[PDB]
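The residues making up each chain are set out below.
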Amino acid sequence: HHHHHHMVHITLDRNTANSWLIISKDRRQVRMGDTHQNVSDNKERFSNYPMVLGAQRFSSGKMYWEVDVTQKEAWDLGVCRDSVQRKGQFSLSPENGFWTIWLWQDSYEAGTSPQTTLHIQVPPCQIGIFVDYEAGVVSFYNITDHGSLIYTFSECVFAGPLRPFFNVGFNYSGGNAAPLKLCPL
Ligand SMILES: COCc1nnc(N)s1
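Structure determination for this entry, per the PDB record, employed X-ray crystallography and reached 1.3300 Å resolution.

Looking at the PDB entry, the protein chain carries the name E3 ubiquitin-protein ligase TRIM21, with the source organism given as Mus musculus.

In structure tokens:
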């Protein structure tokens, strides 16, 4: 791919984070804390899952960013509508306003309904996410494997402003404490 030149500087929005997340001072890293992080509750916070949004909102153009997933066992990444549900249980699907992939139990899947099996030969340490708003495209790239394509959502019906979307995953196993990190340009 040749998408690197649409690179954007993404920062995390503390106000949207689940109350157990810890976001770094530079707003570029997030990890699961071992307890409630002593913040007040608000209507923006994801209640049920260890999720957080980027601060940036996109309604046009082409955007590209990269996320470090080194040594994590579980995570979700992609984009979502600014108006996605925050409270209670929900599935990650385009019908619910999410364009995502994930790692779970040693398999990678795209968040279609129902979910789609991904075929990745080289487990990624860094993921590139590309959004073309006008074209209705969200694509994922394996930075560890020379930028190879992972998955493309096409004919996307965004139906609103988009935000970068992150899930650090639970850490029931004691093997998923590592952060998600936004990689430098
Ligand atoms: C000010 O926030 C009001 C709230 N209502 N539901 C929550 N989860 S917190």
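**Some words on the overall build of the protein chain**
When helices and strands are counted, the protein chain shows zero helices and 13 strands. Listing the helices and strands of the protein chain from first to last along the sequence gives β-β-β-β-β-β-β-β-β-β-β-β-β. Within the protein chain, contacts between residues separated by at least 24 positions form 64% of all contacts whose residues are at least 6 apart in sequence.

**Looking at the side chain of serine 139**
Relative to the helices and strands, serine 139 resides in strand β10 (residues 137–142). Looking at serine 139, the relative accessible area reads 3%, which means it is buried. Among the polar contacts made by the side chain of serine 139, one reaches the side chain of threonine 152 at a distance of 2.8 Å. Filtering out sequence-adjacent residues up to four positions away, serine 139 remains in contact with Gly128, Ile129, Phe130, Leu149, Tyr151 and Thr152.

**Section: the sheet that holds strand β9 (residues 126–132)**
Judged by pairing direction, the sheet is antiparallel, and its seven strands sit side by side in the order β1-β2-β13-β4-β9-β10-β11 without closing on themselves. The sheet is open, and its two borders are formed by β1 (21–23) and β11 (148–153), each paired with just one other strand. Averaged over all neighbouring strand pairs, the angle between strand axes comes to 20 degrees, with direction disregarded. When β9 meets β10, the two strands line up antiparallel, connected through six bridges. Counted as the bridge partner of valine 131 is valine 138 from β10.

Quick notes on the rules
Residues numbered from 1 in each chain as written, not as in the entry; some residues may be left out. Heavy atoms only, no water. Residues with missing side-chain atoms left out of burial classes, pairs and counts. Helix = DSSP H or I, 4+ residues; strand = E, 2+ residues; numbered from the N terminus. Contact = heavy atoms within 4.5 Å. Buried < 20%, exposed > 50% of the residue type's maximum accessible area, 1.4 Å probe, protein only. Polar contact = N/O pair within 3.5 Å; in protein donor to acceptor, adjacent residues only side chain to side chain. Pairing = 2+ DSSP bridges. Axes fitted to C-alpha atoms, helices over the stretch in contact; angles between N-to-C directions.

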